[PDB]
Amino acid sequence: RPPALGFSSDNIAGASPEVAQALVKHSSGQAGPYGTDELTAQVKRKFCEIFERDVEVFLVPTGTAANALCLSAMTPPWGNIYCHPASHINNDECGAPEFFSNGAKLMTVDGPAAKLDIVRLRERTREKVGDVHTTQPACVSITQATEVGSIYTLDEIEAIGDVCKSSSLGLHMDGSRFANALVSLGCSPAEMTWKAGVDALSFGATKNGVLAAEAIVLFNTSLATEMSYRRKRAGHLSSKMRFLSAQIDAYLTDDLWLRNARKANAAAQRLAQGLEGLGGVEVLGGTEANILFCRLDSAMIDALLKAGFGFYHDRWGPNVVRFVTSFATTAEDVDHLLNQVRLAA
């Protein structure tokens, strides 16, 4: 197979062969609609096992929907949703959170590496509490792993959870790349979520191997009923649910999801180790997951561009490039990029 030249995002990758085959297997026969079938029930039982707790699960088509739905059930229209200014909900959902929540307001809390600064968060969540002329603190959202591939430690997450419980705020986790942060920390799903104070999680699978299926995992099960209506009302209740369930079931079979995440993180780590010490190349950050950033010589950026590589190079500081690897990124794919970088140095 020729080397895959795309490193723009993990969203360009396909799906593990086991996922597509699960769809084939489940394409025959009849099945109750809207999640009333056995496969769906099986998947829900799997989430309970995986999270070591009775949790409520709602499979939806996209991560944007998962996020907006979660947040809409955790804030009134006159409420505030605290998040990092570089978060996906504040930048790439065309205001989906604002839509689903019926006008809630996002309040940004800056911090290095796309992580909310705990001190600032503590200050913002106590602004004008009770003042009738001001929108009110309602919930907090943190992306795990972050939009730049950094990772909140178990201590940092739990710390945010303190502030949330302290001000009666809900805590949501945008886990579009949940698995990548999970395998980097080597902790349990439970330790990185409810045991740390998370109330709702956007369990991402699409970016880590499936076709199109995300899971809303509710730890604060009292929101289940509201969530059902909100999902349906937003047009996110799939009639032939087995086709979302089949994807996730495969995803959660034989530890496929974790293996896929390990391969993605392993690929970026390989890239960082190969880029360290090359002419006109400075790796930025620790490359904790499947996303790597590095400062490159412009001429080397054009050489990579001319070489047919797909990557972003204008969204941040001058000369800062971003390479994103996926579950399907082979060691070979990475070695091709390294070689082209070397040869272009």
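All residue numbers refer to positions in the sequence shown, first residue = 1.
Averaging C-alpha B-factors over each stretch, which comes out higher, 138 to 146 or 253 to 261?
Higher mean C-alpha B-factor in the PDB entry: 253 to 261.
Mean C-alpha B-factor comparison - 94 to 102 and 216 to 224, higher one:
Of 94 to 102 and 216 to 224, the stretch with the higher C-alpha B-factor average is 216 to 224.
Which of 57, 60, 303, 69 ranks first by CA B-factor in the deposited coordinates:
303 has the highest C-alpha B-factor of those listed.
Sort 73, 169, 271, 237 by C-alpha B-factor from the entry and give me just the highest.
Across 73, 169, 271, 237, the entry lists the biggest C-alpha B-factor for 271.
Going by the recorded CA B-factors, say which third of the chain residue 79 sits in, lowest, middle or highest.
Tercile = lowest for this residue's CA B-factor.
Taking the C-alpha B-factors as the PDB entry records them, is residue 34 in the lowest, middle or highest third of its chain?
According to the entry, residue 34 has a C-alpha B-factor in the chain's lowest third.
Taking the values exactly as deposited, rank residue 64 by C-alpha B-factor within its chain and report the matching third: lowest, middle or highest.
Lowest third of the chain for residue 64's C-alpha B-factor.
When the deposited Cα B-factors of this chain's modelled residues are ordered and cut into thirds, is residue 195 in the lowest, the middle or the highest one?
Residue 195: CA B-factor falls in the middle third of its chain.
Would you mind checking where the Cα B-factor of residue 129 ranks among the modelled residues of its chain, as the lowest, middle or highest third?
Highest third - that is where residue 129 ends up once the chain's C-alpha B-factors are sorted.
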